[PDB]
C-alpha cells in the first residue's frame, strides 16, 4: 500500500511479466526465424531453439517468488540455461545470464539499469562463445546495448531496438554466407523480436 508507482521503472513483478510477455510475443515469429537459418548450418531451427529457451525461462519464473528481483534474475538465468537448444539457445541463455547479473542487488529496473543490463548481457554472450563470429546475434546484441540511450524505460527500449535493427540489416555485409543466401542473421533477427516484445510490454 505504501509503495507507490514508478512511472519509468519496473519492479520485480513487472520484470517477470515483461519476459513472459516477450515469450508470448515471440511465438508468431518462430516459423520465419527457422526459414532464415543458414549459419552455421541451414537446418531451419533458430526460431524453435530460441523459443524453447524463452519458454523454459518462463516456466521458472512461474515457479519463483517474483516479488524479489534476485529471484526473478535467478529464474531467468537458470531457466534459460536448462531450456537452451542449439547455438542460438545457448548464446541467448548466456545473454540472459548477463542481463540477470545486472539485476542482482537492484530493486527496480529503470532506463539506466536497462542500458547496463543490455550491455552486460551482450558481454556475457560474447565471453561465453568460444570463437565468436560477427554478423550474428552477438553483433546485434552488442549494438542494442551500445545504442540504448535515455533515462526513461520507453526511450531506452526504443533506441536499443533501433540500434539492434540497424545492426541486423548490416549482418550480410559482415558474414558472406548470409549475403550469398540473401538473408539477415536468424539469431540476430530473433534478438530483435525479443526486444520488440519487451517494447510491446512497456508501450
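Residue numbers count along the first chain shown, from 1.
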24-32 or 59-67, whichever carries the higher mean Cα B-factor: 59-67
Where do the C-alpha atoms have the higher mean temperature factor in this entry, in 154-162 or in 134-142? 154-162
Residue selected from 109, 95, 76, 84 by maximal Cα B factor: 109
CA B-factor placement of residue 16, once the chain's modelled residues are sorted into thirds: middle
The third of the chain into which the C-alpha temperature factor of residue 47 falls is the lowest
Is residue 197 in the lowest, middle or highest third of its chain when residues are ranked by C-alpha B-factor? lowest
Against its chain's modelled residues, does residue 40's Cα B factor rank lowest, middle or highest third? lowest
If you rank every modelled residue in this chain by C-alpha B factor, which third holds residue 89: lowest, middle or highest? lowest
